[PDB]
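Visitor: sequence, then the experimental structure. Questions to follow.
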Amino acid sequence: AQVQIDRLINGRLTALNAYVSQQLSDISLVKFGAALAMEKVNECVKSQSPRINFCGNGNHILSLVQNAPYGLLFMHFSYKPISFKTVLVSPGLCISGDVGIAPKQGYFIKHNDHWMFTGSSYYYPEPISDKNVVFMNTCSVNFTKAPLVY
Amino acid sequence: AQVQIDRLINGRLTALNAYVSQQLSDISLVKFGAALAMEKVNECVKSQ
Amino acid sequence: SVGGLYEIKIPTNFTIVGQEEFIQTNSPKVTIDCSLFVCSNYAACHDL
Amino acid sequence: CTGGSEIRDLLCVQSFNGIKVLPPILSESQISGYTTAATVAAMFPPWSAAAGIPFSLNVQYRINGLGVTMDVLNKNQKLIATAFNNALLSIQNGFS
Ligand SMILES: *[C@@H]1O[C@H](CO)[C@@H](O)[C@H](O)[C@H]1NC(C)=O
């Protein structure tokens, strides 16, 4: 009976060791998932960290968090374009005294036969101003030559 | 023959359990390396 | 680039799309009474 | 392992003992295609992986953000481009 019980003890102890090892691995995974969830709470819900696809794929606007069984559920809200327009744009202009200007989060477009600015994620021509322009004392080559701007 | 085969089974099953534990550890390392690589793609390649 | 200008498709209308994501931060706290699992209440097993 | 070859390859020994490596669900050729698409996504319009601007402009604006005046950047554009492709070559030649 002692040798039979010893065989059972050895089998049961090996099974418990295997379960403990698998539990350690799973709990490491849970710890790192929870670290990721805390990062998402800090950087998607409570603030919007300047990281592109951290808080869900796409043009992330904002995120919210709700309680879930054994975890958190995050609601990632994104800016989804619906319809598009093909428009000729310029990534920079050489204006006035050879001063270079680049569009700030947008593009330079020709609307009504004169240079205007439009945002990159929504077609809406705007007057060119220092609010939407990065200034350069010397214009980059291949910038569209626009001596009549400003 | 049954007790000898039992000794072989036990040795092989223990070696298999050790290999599967090492494989779980290595695959955890691979998962977190791939998460780092995804982070690097998103925040170094597709943006800065 | 034709005349210094490139062809780009800029959105003219948009919506807001929701995307839920579940991140597991917890797991059931499994506790095992090792002596009761292995030996139940049998004194000869507890001695071994 | 069954092609009539003379080489007793260890992978044929492993596989006939039950230890076999299965191919990934996506071939490395498909991953290579994905990486190449992600690469040309930065060098041509609409520059979907280069912040929506030409690659050279992105490089110039990135160097400018480190504290480098734009004057030398748009003056030494060709030197910067040559330095970039020389760095890429040195990365390539580092594998030998
Ligand atoms: C944008 O799309 C929505 C739904 O497709 C529509 O109701 C709305 O009129 C559209 N607006 C414009 C300016 O196209």
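Guide: Right, received. Where do you want to start? Numbering: from 1, shown residues only, chains lettered A, B, ... in the order given.
Visitor: show me the contacts for the closest residue to chain C within chain D.
Guide: When scored by C-beta to the nearest C-beta, chain D has residue D:45 as its residue closest to chain C, at 4.4 Å. To be clear about C-beta, it is placed using only N, CA and C from the backbone, and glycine gets the same treatment. With contacts defined as C-beta atoms under 8 Å, 6 or more residues apart in numbering or on different chains, the neighbours of residue D:45 are C:6, C:7, C:8.
Visitor: tell me where the chain has helices.
Guide: This is for chain A. For chain A, applying DSSP state H gives helices covering A:2-40.
Visitor: wrong one, I was asking about chain D
Guide: For chain D, the helices defined by DSSP H cover D:10-16, D:28-40, D:55-64, D:70-75, D:77-93.
Visitor: out of these, which is closest to residue A:148?
Guide: helix D:70-75 (21.3 Å; C-beta to C-beta).
Visitor: quickly list what the residue of chain C found nearest chain B is bridged to.
Guide: With C-beta to the nearest C-beta, the shortest gap between chain C and chain B falls at residue C:23, namely 12.3 Å. Bridge pairing for residue C:23 (DSSP bridges) gives the partners residue A:72.
Visitor: for it, what are its contacts?
Guide: A:33, A:34, A:36, A:37, A:40, A:71, A:72, A:73, A:74.
Visitor: mind putting those into a markdown table with neighbour count?
Guide: Putting those into a markdown table (neighbours: other C-beta atoms under 10 Å in any protein chain shown) gives the following:
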| residue | neighbour count |
| --- | --- |
| A:33 | 18 |
| A:34 | 17 |
| A:36 | 15 |
| A:37 | 21 |
| A:40 | 22 |
| A:71 | 18 |
| A:72 | 21 |
| A:73 | 15 |
| A:74 | 22 |
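Visitor: closest to residue D:5 among these?
Guide: Using C-beta to C-beta, residue A:33 comes nearest to residue D:5 of these, at 46.4 Å.
Visitor: ok, now how distant is that closest one from residue B:32?
Guide: Going from residue A:33 to residue B:32 by C-beta to C-beta, to the nearest Å gives 11 Å.
Visitor: mind listing the shared neighbours of the two?
Guide: Contacts common to residue A:33 and residue B:32, judged by C-beta under 8 Å, 6+ apart, are absent.
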